[PDB]
Amino acid sequence: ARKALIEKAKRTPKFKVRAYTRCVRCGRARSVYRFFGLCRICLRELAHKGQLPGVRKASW
Amino acid sequence: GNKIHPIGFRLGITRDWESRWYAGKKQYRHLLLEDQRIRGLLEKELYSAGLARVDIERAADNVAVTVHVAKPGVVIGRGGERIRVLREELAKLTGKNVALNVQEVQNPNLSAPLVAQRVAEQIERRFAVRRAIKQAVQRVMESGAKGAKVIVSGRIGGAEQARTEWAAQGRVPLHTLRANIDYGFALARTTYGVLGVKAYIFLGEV
Amino acid sequence: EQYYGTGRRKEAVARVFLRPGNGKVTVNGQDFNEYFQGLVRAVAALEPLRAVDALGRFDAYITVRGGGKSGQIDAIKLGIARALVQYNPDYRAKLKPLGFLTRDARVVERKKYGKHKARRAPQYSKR
Amino acid sequence: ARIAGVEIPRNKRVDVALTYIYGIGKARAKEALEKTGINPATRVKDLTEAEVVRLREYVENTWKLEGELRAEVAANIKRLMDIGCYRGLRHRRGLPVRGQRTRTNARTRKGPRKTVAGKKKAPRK
Amino acid sequence: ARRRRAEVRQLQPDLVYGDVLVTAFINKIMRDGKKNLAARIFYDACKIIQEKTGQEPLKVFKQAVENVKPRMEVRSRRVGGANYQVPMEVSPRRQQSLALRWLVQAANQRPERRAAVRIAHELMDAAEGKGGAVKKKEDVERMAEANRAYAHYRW
Amino acid sequence: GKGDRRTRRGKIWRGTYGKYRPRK
Amino acid sequence: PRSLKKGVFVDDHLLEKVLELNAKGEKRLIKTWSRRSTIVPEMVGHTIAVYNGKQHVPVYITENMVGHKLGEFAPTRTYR
Amino acid sequence: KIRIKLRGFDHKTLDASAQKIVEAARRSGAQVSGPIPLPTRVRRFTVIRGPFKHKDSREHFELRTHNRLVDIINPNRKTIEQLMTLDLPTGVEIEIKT
RNA sequence: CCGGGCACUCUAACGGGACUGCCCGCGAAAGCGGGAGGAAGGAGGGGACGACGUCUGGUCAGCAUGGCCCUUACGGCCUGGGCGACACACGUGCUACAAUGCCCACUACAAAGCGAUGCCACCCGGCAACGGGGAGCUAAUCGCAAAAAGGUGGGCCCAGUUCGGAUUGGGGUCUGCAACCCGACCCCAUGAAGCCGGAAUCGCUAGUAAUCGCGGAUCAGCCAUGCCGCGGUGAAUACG
Ligand SMILES: [K+]
Ligand SMILES: [K+]
Ligand SMILES: [K+]
Ligand SMILES: [Mg+2]
Ligand SMILES: [Mg+2]
Ligand SMILES: [Mg+2]
Ligand SMILES: [Mg+2]
Ligand SMILES: [Mg+2]
Ligand SMILES: [Mg+2]
Ligand SMILES: [Mg+2]
Ligand SMILES: [Mg+2]
Ligand SMILES: [Mg+2]
Ligand SMILES: [Mg+2]
Ligand SMILES: [Mg+2]
Ligand SMILES: [Mg+2]
Ligand SMILES: [Mg+2]
Ligand SMILES: [Mg+2]
Ligand SMILES: [Mg+2]
Ligand SMILES: [Mg+2]
Ligand SMILES: [Mg+2]
Ligand SMILES: [Mg+2]
Ligand SMILES: [Mg+2]
Ligand SMILES: [Mg+2]
Ligand SMILES: [Mg+2]
Ligand SMILES: [Mg+2]
Ligand SMILES: [Zn+2]
Numbered sequence: 001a002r003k004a005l006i007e008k009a010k011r012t013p014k015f016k017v018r019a020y021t022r023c024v025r026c027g028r029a030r031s032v033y034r035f036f037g038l039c040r041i042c043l044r045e046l047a048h049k050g051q052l053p054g055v056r057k058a059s060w
Numbered sequence: 001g002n003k004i005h006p007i008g009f010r011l012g013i014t015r016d017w018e019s020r021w022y023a024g025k026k027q028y029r030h031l032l033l034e035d036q037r038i039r040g041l042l043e044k045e046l047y048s049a050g051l052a053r054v055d056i057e058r059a060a061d062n063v064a065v066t067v068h069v070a071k072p073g074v075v076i077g078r079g080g081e082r083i084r085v086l087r088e089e090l091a092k093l094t095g096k097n098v099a100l101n102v103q104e105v106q107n108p109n110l111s112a113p114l115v116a117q118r119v120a121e122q123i124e125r126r127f128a129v130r131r132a133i134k135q136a137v138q139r140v141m142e143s144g145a146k147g148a149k150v151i152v153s154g155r156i157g158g159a160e161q162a163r164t165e166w167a168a169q170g171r172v173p174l175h176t177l178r179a180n181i182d183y184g185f186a187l188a189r190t191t192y193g194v195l196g197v198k199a200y201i202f203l204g205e206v
Numbered sequence: 001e002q003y004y005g006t007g008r009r010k011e012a013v014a015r016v017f018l019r020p021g022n023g024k025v026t027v028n029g030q031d032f033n034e035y036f037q038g039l040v041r042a043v044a045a046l047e048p049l050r051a052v053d054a055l056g057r058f059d060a061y062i063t064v065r066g067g068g069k070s071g072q073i074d075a076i077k078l079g080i081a082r083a084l085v086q087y088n089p090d091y092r093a094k095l096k097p098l099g100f101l102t103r104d105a106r107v108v109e110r111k112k113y114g115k116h117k118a119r120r121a122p123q124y125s126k127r
Numbered sequence: 001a002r003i004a005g006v007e008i009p010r011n012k013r014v015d016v017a018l019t020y021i022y023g024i025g026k027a028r029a030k031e032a033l034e035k036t037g038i039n040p041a042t043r044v045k046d047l048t049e050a051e052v053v054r055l056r057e058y059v060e061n062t063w064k065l066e067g068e069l070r071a072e073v074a075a076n077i078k079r080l081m082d083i084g085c086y087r088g089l090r091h092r093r094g095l096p097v098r099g100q101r102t103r104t105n106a107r108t109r110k111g112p113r114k115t116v117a118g119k120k121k122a123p124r125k
Numbered sequence: 001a002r003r004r005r006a007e008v009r010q011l012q013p014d015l016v017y018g019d020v021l022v023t024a025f026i027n028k029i030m031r032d033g034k035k036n037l038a039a040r041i042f043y044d045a046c047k048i049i050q051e052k053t054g055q056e057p058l059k060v061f062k063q064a065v066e067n068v069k070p071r072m073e074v075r076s077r078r079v080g081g082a083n084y085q086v087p088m089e090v091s092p093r094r095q096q097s098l099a100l101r102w103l104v105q106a107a108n109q110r111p112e113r114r115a116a117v118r119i120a121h122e123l124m125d126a127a128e129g130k131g132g133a134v135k136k137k138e139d140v141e142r143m144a145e146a147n148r149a150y151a152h153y154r155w
Numbered sequence: 002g003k004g005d006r007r008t009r010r011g012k013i014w015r016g017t018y019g020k021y022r023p024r025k
Numbered sequence: 001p002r003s004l005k006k007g008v009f010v011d012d013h014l015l016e017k018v019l020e021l022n023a024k025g026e027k028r029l030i031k032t033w034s035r036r037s038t039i040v041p042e043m044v045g046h047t048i049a050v051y052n053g054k055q056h057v058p059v060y061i062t063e064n065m066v067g068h069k070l071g072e073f074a075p076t077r078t079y080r
Numbered sequence: 001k002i003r004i005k006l007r008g009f010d011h012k013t014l015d016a017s018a019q020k021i022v023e024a025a026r027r028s029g030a031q032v033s034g035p036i037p038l039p040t041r042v043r044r045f046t047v048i049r050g051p052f053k054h055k056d057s058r059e060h061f062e063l064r065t066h067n068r069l070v071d072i073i074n075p076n077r078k079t080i081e082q083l084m085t086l087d088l089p090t091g092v093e094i095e096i097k098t
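Chains as they are written, first to last, in the deposited numbering: chain N, 1 to 60; chain C, 1 to 206; chain I, 1 to 127; chain M, 1 to 125; chain G, 1 to 155; chain V, 2 to 25; chain S, 1 to 80; chain J, 1 to 98.
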């Protein structure tokens with residue numbers, strides 16, 4: 001998250017390739033889960049707050 | 001560093017979610033990014049009302065929502081002049097057109113999120129930490145509660161060496177998955193830096 | 001007319017239907033020996049019958065699904081053992097001591113994190 | 001008998017035996033016994049002069065083998081080498097050519113480990 | 001095993017000779033949990049013994065085992081700086097464990113290409129009183145007593 | 002073995018198909 | 001074991017700069033940042049200076065090298 | 001022949017939408033085929049607990065999507081009413097492919 | 001497959017069930033040793049869960065944050081390099097050194113998962129990668145899908161060899177604006193070291209170890225042999 005490289009929202013990559021997920025909450029670009037748009041860190045933070053519906057703590 | 005967030009740990013039982021809206025692998029990330037935008041504003045302003053919780057329900061563009069505060073009035077306004085601007089601020093954010101109820105927090109001293117916010121403010125005004133903690137634990141313990149605890153981080157009193165003040169009474173069994181313990185975390189900027197404040201209130205078991 | 005048990009093992013479900021007859025055993029529309037083709041263990045599956053002198057006084061239609069053949073063999077081992085009791089509850093007085101009535105609970109233990117295989121831990125050096 | 005340049009596969013199945021030729025492998029082997037109709041399982045010592053001829057005929061005229069192959073391959077390498085070509089340089093320096101990591105295991109192309117003095121304190125682990 | 005005394009686990013009798021001692025030998029033969037392949041190997045062996053021998057393979061198996069069991073062995077024990085090879089009796093339980101283990105090890109040292117032949121021929125040379133297995137048994141017992149001087153360190 | 006590209010078990014390990022392991 | 005498919009690639013920067021430069025004939029030097037582009041017939045005889053990330057190496061293109069990318073003549077790293 | 005599909009994240013939120021559709025129809029339609037279970041589709045999220053390194057910790061999270069079927073035969077008009085605006089669950093999504 | 005039926009198996013909600021309760025023995029008691037019923041005993045088996053605190057431990061490069069410093073550059077945009085270098089050293093792994101094996105056929109038996117700008121049945125072309133074309137699926141309905149090890153048969157005969165597939169030459173298919181540096185994948189050639197590993201040293205007490213394959217996240221593609229999970233087969237040993 002260098003608020004300038006958060007130009008991912010650009011949508012004008014010239015070539016669809018250069019497009020890269022990047023976290024919506026931290027800007028974290030290295031563990032962004034498609035399904036949540038979040039990074040592994042925040043995905044864990046919010047899940048603890050119960051702010052991610054359905055998402056519980058698995059155990060078996 | 002040990003111990004899981006007592007809420008994320010108790011979602012199964014003694015503690016429901018803060019967003020009861022279903023979704024599929026194509027929109028979930030959106031309805032999620034939305035809730036955050038919501039809580040983003042709600043908290044950016046309603047701070048003065050003292051917002052403990054903020055649920056968000058859904059069914060289809062009819063985004064229920066709610067906001068449990070200690071001082072409703074602050075939300076409402078003269079007759080309802082504030083609860084108006086904001087209510088439009090939601091649909092201007094997301095052209096979803098949604099409700100915006102308001103629950104009152106019976107006791108703001110049995111809601112960890114507030115108790116935390118409480119002490120957190122005092123810290124910024126420069127109140128003696130240990131006092132605040134001692135007191136806070138009391139407010140909570142006096143107005144009911146079978147137990148309670150409060151934790152402040154470090155640089156207590158502007159000190160260079162970060163410490164960690166304690167204080168707690170009654171029971172606060174975190175290992176017991178049934179305690180029903182409200183947890184509240186409050187930041188606390190300062191001329192010299194951040195101080196973290198956690199709050200735990202044990203009320204009722206089974 | 002007909003008796004039936006079940007039996008399960010390591011995630012293998014066995015449907016056992018015992019009907020008086022010769023000694024023929026059908027497993028999924030196949031001769032016992034047809035299904036358990038060259039599996040030294042198989043023999044076992046019918047041990048309960050022999051445990052009470054049946055086999056040559058019964059016939060069995062068997063269903064099966066889930067797992068592997070040796071696991072299925074153990075399930076069948078229980079079905080035949082159960083039905084063989086529904087037929088005559090006085091048969092327990094013999095199958096019990098051989099534990100043929102027990103449903104082996106042993107199952108593939110879960111794969112834990114930070115550990116190659118549930119228990120096998122990673123090898124480390126220069127400690 | 002001698003099929004390709006002085007090749008003497010013998011006392012073993014012809015398909016296997018054919019392999020002892022530079023340019024022929026399981027594939028081209030099975031293929032030649034095919035387009036020449038010869039049971040592969042026959043020991044070459046049990047081959048027929050008639051068969052040994054068709055084999056010799058086919059294989060020799062249908063593929064570049066033995067010495068003639070090495071010549072070509074030799075040539076190729078020397079070409080990308082006579083040219084500036086990156087790939088060429090790698091051949092000159094005797095290092096991998098198919099973009100592989102040379103920080104560790106690159107032995108097969110480098111040879112034996114020519115160890116040298118090192119920096120002790122600093123767990124090179 | 002610092003608490004209990006890990007009790008010996010019982011094995012399911014042989015699917016043929018209905019012998020526990022046989023399943024055991026089969027387990028030692030078995031590698032990578034391929035208990036089927038293990039079973040076959042042992043059996044073709046009992047068969048090969050039926051061939052070259054007019055005696056029940058089960059009886060040969062036993063006899064063999066018996067001859068490879070070490071009734072004495074040396075165990076190392078540090079006392080006064082150095083380590084001393086102290087000879088001492090060998091529990092029945094361990095004799096069995098040792099006999100079977102060695103049979104398979106000795107058998108796989110053999111020259112015959114086929115696994116079944118190896119166990120078969122080793123099993124025979126065993127009940128005869130010869131074979132690599134019986135040597136190990138003997139090289140061990142020779143080791144014991146050869147240090148009887150230290151037998152007072154009972155252990 | 003599992004490392005032989007052009008073989009049965011080789012293709013499986015490498016999770017592919019080809020002449021040495023067609024899709025039936 | 002090389003590959004690209006049906007549709008030989010070549011950046012059109014130099015292309016329309018070469019096939020066009022063939023109008024008057026040849027010329028001295030060129031300067032490209034397209035290691036990407038394949039060397040095609042109509043280059044033989046030219047002297048294309050290729051960039052390697054720091055320099056613009058002068059690469060004389062010949063018949064025998066038609067097919068190789070330009071980068072293959074502008075080595076990136078510097079060893080001993 | 002009314003195909004009813006019920007999915008969700010809570011197994012009470014759905015059983016509270018298979019009850020507001022099981023009796024409020026047994027007074028106008030077929031004897032109805034009771035609510036049918038239908039296997040769930042679990043989605044696991046395994047995350048490395050801490051911000052930096054420590055790749056051997058990790059915590060497990062998951063989204064369990066429960067299901068239900070129902071399926072009421074005989075629309076009967078009168079059934080298509082007792083089930084027109086008489087539900088409650090907010091964490092549910094309904095489908096109808098009758 | 002159709003009628004038809006929920007028995008069974010499943011699917012998934014809710015309950016029952018185990019308490020040292022029962023019996024004999026020892027004991028002051030708690031409890032210990034057995035025995036009977038029982039699917040299951042005496043924490044059934046595995047998870048989640050890790051106190052007051054320690055390491056002044058990790059992380060300002062996930063985020064947040066005091067101070068400090070740069071603020072036509074310690075900011076910003078591109079194109080191309082680089083993170084992939086290679087005398088050399090270590091860690092973690094992968095594939096092996098083979099006959100309890102390797103091939104080719106032919107036949108079985110899984111469990112959890114994933115699937116719109118997608119899984120991709122089936123058909124045609126191509127040795128094949130893959131390309132044409134298209135059925136069905138918003139999936140307990142369709143698809144990935146074959147599970148592999150096994151089992152039957154046949155080949156190899158003990159050899160650096162039908163072991164082993166590293167290198168390297170050649171020809172191609174794909175993803176992508178684009179594969180030189182620097183992508184997997186297919187086919188033909190090539191066929192390295194390795195014949196079981198010095199001093200040292202690692203894991204694991206049972207469905208565990210060992211072994212066999214399958215799916216997922218990330219992701220266009222991929223350098224997954226990593227990682228997180230799933231099920232098949234299934235040991236040895238513990239005096240102390
Ligand atoms: K338990
Ligand atoms: K510290
Ligand atoms: K192997
Ligand atoms: Mg930032
Ligand atoms: Mg990308
Ligand atoms: Mg994403
Ligand atoms: Mg068997
Ligand atoms: Mg396993
Ligand atoms: Mg050859
Ligand atoms: Mg390199
Ligand atoms: Mg091979
Ligand atoms: Mg606990
Ligand atoms: Mg340190
Ligand atoms: Mg430090
Ligand atoms: Mg790196
Ligand atoms: Mg290694
Ligand atoms: Mg074809
Ligand atoms: Mg050699
Ligand atoms: Mg070879
Ligand atoms: Mg590349
Ligand atoms: Mg050899
Ligand atoms: Mg996987
Ligand atoms: Mg992928
Ligand atoms: Mg590579
Ligand atoms: Mg991979
Ligand atoms: Zn984040």
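C-beta: ideal position from N, C-alpha, C; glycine also.
- In this structure, the straight-line span from the alpha carbon of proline 51(J) to that of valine 32(N) is close to 14 Å.
- According to DSSP, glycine 147(C) shares a beta bridge with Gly170(C), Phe202(C).
- Against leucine 15(G), the close residues of chain I are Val40, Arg41, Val43, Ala44, in the order they occur along the chain (beta-carbon pairs closer than 8 Å).
- Contact between the segment 98-109 of chain G and the segment 120-133 of chain G is established, with three or more Cβ pairs separated by less than 8 Å.
- In the DSSP assignment, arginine 31(G) falls outside any beta strand (DSSP E) and carries neither an H nor an E.
- The shortest C-alpha to C-alpha distance from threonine 62(M) to any of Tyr86(M), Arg28(M), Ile8(M), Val116(M) is the one to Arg28(M).
- Identification of chain M residues near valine 59(S) by a Cβ-Cβ cut-off of 8 Å yields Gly84, ordered along the chain.
- Of all residues in the segment 43-63 of chain J, the ones placed with a Cβ closer than 7 Å to any Cβ belonging to chain I are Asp56, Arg58, in chain order.
- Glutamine 122(C) has its alpha-carbon roughly 23 Å from the corresponding atom of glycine 73(C).
- Out of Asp56(J), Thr40(J), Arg26(J), the CA that lies nearest to the CA of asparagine 74(J) is found in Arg26(J).
- Comparing alpha-carbon positions, the option among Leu18(M), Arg13(M), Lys12(M) lying closest to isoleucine 3(M) turns out to be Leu18(M).
- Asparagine 109(C) carries a coil assignment under DSSP once its states are collapsed to helix, strand and coil.
- In chain order, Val52 place their CB closer than 6 Å to the CB of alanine 1(M), counting only its own chain and leaving out the 5 sequence neighbours on each side.
- No Cβ of chain N is located within less than 9 Å of the beta carbon of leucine 114(C).
- Put simply, the CB of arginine 109(M) is far from chain S, with every gap to its CB atoms at 9 Å or more.
- Distance from the CA of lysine 8(N) to the CA of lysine 16(N), rounded to the nearest whole angstrom, comes to 11 Å.
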